[PDB]
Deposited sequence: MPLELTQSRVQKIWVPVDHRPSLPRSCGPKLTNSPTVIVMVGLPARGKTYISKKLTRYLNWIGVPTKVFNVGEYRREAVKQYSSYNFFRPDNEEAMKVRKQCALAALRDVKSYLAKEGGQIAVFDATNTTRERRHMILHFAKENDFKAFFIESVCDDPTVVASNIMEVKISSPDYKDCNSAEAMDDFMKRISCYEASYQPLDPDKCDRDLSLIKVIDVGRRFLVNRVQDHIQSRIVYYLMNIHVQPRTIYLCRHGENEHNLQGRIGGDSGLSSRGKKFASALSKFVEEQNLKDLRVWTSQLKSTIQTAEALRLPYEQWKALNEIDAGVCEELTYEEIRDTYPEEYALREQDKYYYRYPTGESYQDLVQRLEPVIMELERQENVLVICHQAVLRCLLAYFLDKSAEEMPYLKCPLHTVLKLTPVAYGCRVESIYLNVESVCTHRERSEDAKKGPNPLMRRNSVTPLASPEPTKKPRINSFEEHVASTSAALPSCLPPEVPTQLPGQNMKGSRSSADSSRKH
């Protein structure tokens, strides 16, 4: 005896264990880059995840950074402070996982000693949390130097000292950790832990005892990402006939303005002067027509097809409000989770866009020509926007969104190609 829920259209009867991810490694080995990127992916696929960076606890507890002397192993007092910052971060990890509905807590510190990791194990074991270790190993001076230049010298620790002095201070800071650093030893003393040791910026991996699906998924993700420079371009199909009529969904062709956009996109792409640009479309006509103007090879993906409005397909928003007034209201109230009847939600979109994201990570220069709701979902991933926000991100017609991975984030530049269109943006209601 069953009833269908109003928002998600789920039939209900009418009368999982959380994980602490423990980063491991010397400073400037990309621990925080990984922490952030992973946390972005996990949240976007609907696994609530949060980073606890001990460094930030240390920054909060102590006046202002003066020098690497603070990190000296003989600094008996800084050691007490560091350890207390760690325990405070863990206190917050407990609260996040046990009481705030967090699923994954990423404990982002050096955690270079067996003793420290042993304390974290004990903390996890006694709260029924699983523990999963990720160690980044790299002994290439160039990579380290570049890491320091790119994100360290610019940190708030170093505002009073810049450049040569910061670079110099950071190298000595690193050397403070070298003597007591005990790498993960899966061969022997760590043979029973679940871990991945990543070597040389993802060149090789050593993976030991994957316990569950999240961990195998993390490993798969780590095996697909890369740090080569590249650019990702996202846009919609040129304006189509249904856009002109205010009609949603469907498989209409480009308007005359849509075709002018396509010519302009072609011009824009040529002027970007890229090598080996891959082009991806949906299987819907308007995106394919748009790519046809480019005179480049392209590949279609059913996963990039626009959200399926179900019974509302090909209707105007007005027609939907007149015909299905309660469905209309429910969508405006809960736009991410709402499923159209016999159709999709934004939540469903994320599931089928996941392999698009994973292939995007593998690629270099890519242009993705897609549809409004799909574009928002992808944009949310790259820009770390939440589920509640995703459905309202702005992605105008005839506008290219040019994304450039930077460390810890993504530059976004909008480039409108000066071809008029209607506006299909609909802001949050009531």
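The chain's deposited sequence has unresolved stretches at 1-3, 18, 20-32, 448-520, with no C-alpha coordinates there.
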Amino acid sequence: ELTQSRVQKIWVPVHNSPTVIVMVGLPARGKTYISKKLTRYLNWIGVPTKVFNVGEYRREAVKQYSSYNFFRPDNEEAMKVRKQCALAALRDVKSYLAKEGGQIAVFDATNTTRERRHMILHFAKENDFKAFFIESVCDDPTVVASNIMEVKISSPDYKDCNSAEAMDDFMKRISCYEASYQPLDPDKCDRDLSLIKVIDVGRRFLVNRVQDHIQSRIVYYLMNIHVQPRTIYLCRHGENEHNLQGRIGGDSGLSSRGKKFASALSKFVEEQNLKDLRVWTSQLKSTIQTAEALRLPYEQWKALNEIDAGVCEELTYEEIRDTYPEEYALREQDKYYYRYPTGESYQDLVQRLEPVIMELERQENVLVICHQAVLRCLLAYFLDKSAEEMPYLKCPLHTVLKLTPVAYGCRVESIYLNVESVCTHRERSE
From here on, numbers count along this sequence of modelled residues.
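Superpose the two forms; the largest set of C-alphas matching within 1.5 Å is the rigid core.
Comparing the two stretches 382-390 and 61-69 by root mean square C-alpha distance in 8 other deposited structures of this protein, with all structures fitted on the core, the more displaced one is 61-69.
Of 74-82 and 157-165, the stretch whose C-alpha atoms sit farther from the shown form in 8 other deposited structures of this protein, after fitting on the rigid core, is 157-165. In the other compared entries of this protein that model both flanking residues, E430 lacks coordinates in at least a third of them. Of the two segments examined, 324-332 and 199-207, it is 324-332 that shows the higher average Cα temperature factor in the deposited entry.
Annotation for 78-86 versus 285-293: the higher mean temperature factor (C-alpha) is found in 78-86.
The residue among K125, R278, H226, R236 whose C-alpha atom has the highest B-factor in the PDB entry is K125.
Per the deposited record, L274 carries the highest C-alpha B-factor of all listed residues (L265, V93, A109, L274).
When all modelled residues of the chain are sorted by CA temperature factor, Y57 is found within the middle third.
When the modelled residues of the chain are ordered by their C-alpha B factor, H242 lands in the middle third.
In the PDB entry, a CA B factor belonging to the lowest third of its chain's modelled residues is recorded for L222. In the PDB entry, a CA B factor belonging to the highest third of its chain's modelled residues is recorded for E318.
In the PDB entry, a CA B factor belonging to the lowest third of its chain's modelled residues is recorded for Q300.
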